[PDB]
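Quick notes on the structure that follows.
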Amino acid sequence: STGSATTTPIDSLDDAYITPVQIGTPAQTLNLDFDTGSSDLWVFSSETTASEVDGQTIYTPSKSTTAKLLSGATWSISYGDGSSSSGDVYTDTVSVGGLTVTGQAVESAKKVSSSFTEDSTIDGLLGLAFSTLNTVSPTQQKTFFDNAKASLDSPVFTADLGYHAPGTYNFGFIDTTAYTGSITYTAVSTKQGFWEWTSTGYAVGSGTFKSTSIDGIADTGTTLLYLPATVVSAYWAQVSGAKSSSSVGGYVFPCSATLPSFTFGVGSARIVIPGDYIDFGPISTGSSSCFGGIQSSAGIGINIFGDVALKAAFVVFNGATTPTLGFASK
Ligand SMILES: O=C(NC1CCCCC1)N[C@H]1[C@H](O)[C@@H](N2CCCCC2)[C@@H]2OC[C@H]1O2
């Protein structure tokens with residue numbers, strides 16, 4: 001089997017991407033944020049505190065004939081941005097782009113933090129990191145991918161995120177028309193539960209490539225690219241007037257600037273992030289200070305190849321017995 005679903009930016013900045021997901025019978029379609037940096041499939045629901053729901057589409061398990069309470073199971077998750085959610089768990093049929101999993105753990109939110117409530121466009125998350133990070137207790141649950149794996153033509157999924165445009169998630173096959181050149185594969189460590197890999201270095205604009213190992217995670221659920229303070233300083237030093245602002249919470253730059261590209265290494269290969277991909281617009285409406293798409297990971301504990309990096313590539317998440325990650329230009 002295979003599946004293929006279009007993923008769509010939630011706003012003009014590509015802050016995140018939503019992908020329609022069918023849950024239950026008859027199908028209830030929710031727009032979920034596919035996140036290769038977490039491992040819970042959770043949704044706004046009929047059980048979510050009413051004051052915490054504002055415009056989201058909810059899953060109502062009582063209206064699904066295939067829904068079954070996973071008795072005693074609860075979940076609770078916090079994300080790096082400080083947001084959180086928690087609740088109880090049903091199993092139900094979940095389909096993505098024509099690919100169906102029966103008995104998928106669907107984590108129903110009883111509570112969500114304010115950031116989720118405030119974002120009407122995201123109805124939940126669909127985790128695609130390793131199931132060892134799944135928060136369901138007392139019986140940890142498998143991701144959608146993990147459940148689908150054995151049925152797939154090939155035990156892979158691909159992320160092809162668009163710049164200011166829709167893209168695609170495929171399950172079970174590699175679309176050889178979706179990228180240019182070849183796919184370079186690189187080792188993954190699953191020890192932290194992430195698609196963790198080591199970039200071979202970087203360049204800023206037309207500058208010389210610096211060979212240096214940068215360990216980090218491929219994380220579709222993170223908007224920006226978070227890298228060591230040395231690397232980020234070298235990048236923003238090439239933009240006149242750019243500076244790190246503690247009041248704003250990162251590097252900002254004059255909206256009148258032309259940003260240089262940023263290149264990262266995947267083995268001997270190179271992925272080039274165009275300058276424009278690094279512009280996240282005015283810090284507040286009408287401001288001439290713009291927020292940078294490359295930020296320091298210093299206060300995080302891990303480097304994060306988020307959407308800014310990933311959207312520049314066609315990315316293969318290879319879930320074979322020894323997982324690996326593939327990157328191609330496109
Ligand atoms: O918290 C992170 N990542 C951390 C960011 C800081 C540095 C460490 C990693 N990812 C989350 C993301 O911000 C959320 N958000 C939704 C609305 C706008 C788009 C993003 C979304 O919900 C959970 C997940 O995706």
Side-chain angles (χ1 to χ4, degrees), residues 7-19 21 30-45 48 52-57 75-87 107 109 111-129 133-135 143-144 159 161-164 166-167 169 192-196 214-229 231-232 244-246 248-251 277-278 280-281 283 291-311:
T7 192
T8 301
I10 65 169
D11 62 23
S12 62
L13 298 173
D14 300 343
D15 281 319
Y17 299 79
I18 50 174
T19 309
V21 181
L30 277 66
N31 293 330
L32 305 187
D33 185 349
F34 283 24
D35 181 14
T36 61
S38 65
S39 302
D40 288 50
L41 192 176
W42 75 261
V43 299
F44 278 79
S45 72
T48 311
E52 299 182 349
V53 184
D54 189 354
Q56 296 81 11
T57 294
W75 62 279
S76 182
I77 194 162
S78 306
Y79 298 98
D81 64 8
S83 69
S84 64
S85 54
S86 59
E107 302 171 35
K111 298 189 296 193
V112 302
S113 62
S114 54
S115 288
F116 286 116
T117 300
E118 289 165 5
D119 179 11
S120 65
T121 71
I122 289 175
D123 301 324
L125 266 79
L126 191 149
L128 292 170
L133 295 178
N134 177 267
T135 76
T143 70
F144 178 81
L161 303 179
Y163 166 67
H164 294 176
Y169 282 99
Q192 294 271 67
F194 303 115
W195 295 89
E196 190 172 356
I214 304 171
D215 178 287
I217 66 170
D219 188 355
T220 56
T222 292
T223 312
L224 306 186
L225 172 53
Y226 295 87
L227 291 174
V231 179
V232 178
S244 181
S245 166
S246 63
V248 176
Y251 280 90
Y277 288 30
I278 300 164
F280 280 75
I283 59 169
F291 200 66
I294 296 176
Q295 295 294 347
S296 178
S297 61
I300 298 176
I302 197 160
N303 299 305
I304 304 174
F305 296 86
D307 297 335
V308 162
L310 299 181
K311 78 175 73 173

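Order of appearance sets the numbers: ligands from 1, and atoms from 1 within every ligand. Positions are given from 1 along the sequence.
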Of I304, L310, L128, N303, which meets side chain to side chain contact (heavy atoms under 4.5 Å, CB included) against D219?
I304
Please identify which of these residues, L125, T19, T7, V21, meets the side chain to side chain contact (heavy atoms under 4.5 Å, CB included) condition with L32.
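With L32 as partner, side chain to side chain contact (heavy atoms under 4.5 Å, CB included) holds for just one option, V21.
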With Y79 via side chain to side chain donor-acceptor pair (under 3.5 Å) - residues at least two apart:
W42
Who pairs with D307 by side chain to side chain donor-acceptor pair (under 3.5 Å), at least two apart in sequence or on another chain?
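With neighbours one apart ignored, the set is empty.
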Identify all pairs of nitrogen or oxygen atoms, one from ligand 1 and one from the protein, separated by less than 3.5 Å, and list them with distances.
unit_1, atom_1, unit_2, atom_2, d
ligand 1, 1 (O), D81, N, 2.9
ligand 1, 1 (O), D81, OD1, 3.3
ligand 1, 1 (O), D81, OD2, 3.2
ligand 1, 3 (N), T222, OG1, 3.1
ligand 1, 10 (N), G221, O, 3.1
ligand 1, 13 (O), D81, OD2, 2.6
ligand 1, 25 (O), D33, OD2, 3.4
ligand 1, 25 (O), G221, O, 3.1

Is any side-chain heavy atom of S120 closer than 4.5 Å to a side-chain heavy atom of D54?
no
Sorted by chain and number, sequence neighbours left out, ring pair (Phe, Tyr, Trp, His ring centres under 6.0 Å) with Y169 holds for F34
